[PDB]
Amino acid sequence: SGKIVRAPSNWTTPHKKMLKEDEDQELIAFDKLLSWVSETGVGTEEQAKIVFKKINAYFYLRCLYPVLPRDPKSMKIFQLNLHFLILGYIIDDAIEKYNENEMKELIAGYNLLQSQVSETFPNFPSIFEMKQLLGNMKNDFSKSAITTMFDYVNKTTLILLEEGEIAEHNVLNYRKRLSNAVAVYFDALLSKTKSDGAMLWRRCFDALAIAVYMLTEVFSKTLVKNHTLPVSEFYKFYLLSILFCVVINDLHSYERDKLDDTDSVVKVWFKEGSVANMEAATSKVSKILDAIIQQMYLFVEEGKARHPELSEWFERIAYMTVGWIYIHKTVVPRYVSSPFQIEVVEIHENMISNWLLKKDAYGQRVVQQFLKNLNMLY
């Protein structure tokens, strides 16, 4: 085939087991999501139910975290982020239609509240109190968008503070980086209202993916372990993994992206004339995805050698990366129906070295040019 993506067999084992599980209704806590709908002013009960089914939201998040720790902190942050996946989707559906001035107004409201809210640590204001703080806004939905973002960041902070296991300065650093991710998400939307590489880099932030990647730090206890991995290296892993998501998503969304002005690497190839058909486009996508998995494997193995105390974190990033395959091929209805898909070939342990040696020039060039972006989220 020309559509093959190679991946280590043991990078897919957790997902295969997870997809046989029943939905965990107690963990989903749908009634608690409905309470948050009412409190935030985002969505309705009916809309929350429709979005949950459209995303297949529980299995969507479990594809990213097929191994999920059961300590209370991890369970609480998983549940909060499952609920925020729903509200964030509804917020995104609304504000991606904002024009430039509406996005600037939204960003200004978010930035006005940032210090006065964060400086109340650990006694954060409720959504009601925060809505009173905001100045008049021309678009009324913006107040609900802003205070939902803050309530999510505040609730995250309070979960991490529970029982004092994580030192406060690390809780606050995580909070700041999560708020940074929200700010860069808004900025990415603003940019779209006004090169190929800058377009691709923008695609890494236009869906707040960093927020779900940061959960790996909670689940694998990197906020409590003393380690020598600088924060910049965390984001190397995050952004390489996000690139995988962007590229496979562009393949599965092309039939829709064809018809609107959404950015897509497949659309760029057709516009520049570098692919003549979807067979060629799928081949190019497979070479990129395949190269990312090779580069991720090398980063994971080098990370484990240098920082053995973070071995679990490195592995979980690998699983999260493979999770995007299952999200697009198995879990999300609108992605599963794409006639344009890649095919996974599993690499067994005996063949790992020979797999890594066999590289593709095109896929490697895309990955190497992308990683040059790394040389504000943190």
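From 1 onward, residues are counted along the sequence shown.
Engineer: Please compare 294-302 with 158-166 and say which has the higher mean C-alpha temperature factor in the record.
Structural biologist: The stretch with the larger average C-alpha B-factor is 158-166.
Engineer: Which is higher on average in the deposited entry, the C-alpha temperature factors of 185-193 or of 148-156?
Structural biologist: Between 185-193 and 148-156, it is 185-193.
Engineer: Tell me, please, which of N139, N173, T216, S179 has the highest C-alpha B factor according to the deposited entry?
Structural biologist: Highest CA B-factor of the listed options: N139.
Engineer: Whose C-alpha has the highest temperature factor in the PDB entry: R256, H83, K236, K131?
Structural biologist: Top of the list by C-alpha B-factor: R256.
Engineer: Tell me, lowest, middle or highest third: where does the Cα B factor of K287 rank within its chain?
Structural biologist: Lowest third, going by the recorded CA B-factors of the chain.
Engineer: Taking only the Cα B-factors deposited for this chain, tell me whether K359 sits in the lowest, middle or highest third.
Structural biologist: Lowest third - that is where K359 ends up once the chain's C-alpha B-factors are sorted.
Engineer: C-alpha B factor of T321, ranked within the chain: lowest, middle or highest third?
Structural biologist: Lowest third - that is where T321 ends up once the chain's C-alpha B-factors are sorted.
Engineer: What third of the chain does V37 rank in for C-alpha temperature factor, lowest, middle or highest?
Structural biologist: Its C-alpha B-factor belongs to the middle third of this chain's values.
Engineer: Mind checking which third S264 falls in for C-alpha B-factor across the chain?
Structural biologist: For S264, whose C-alpha B-factor we compare with every modelled residue in the chain, the answer is the highest third.
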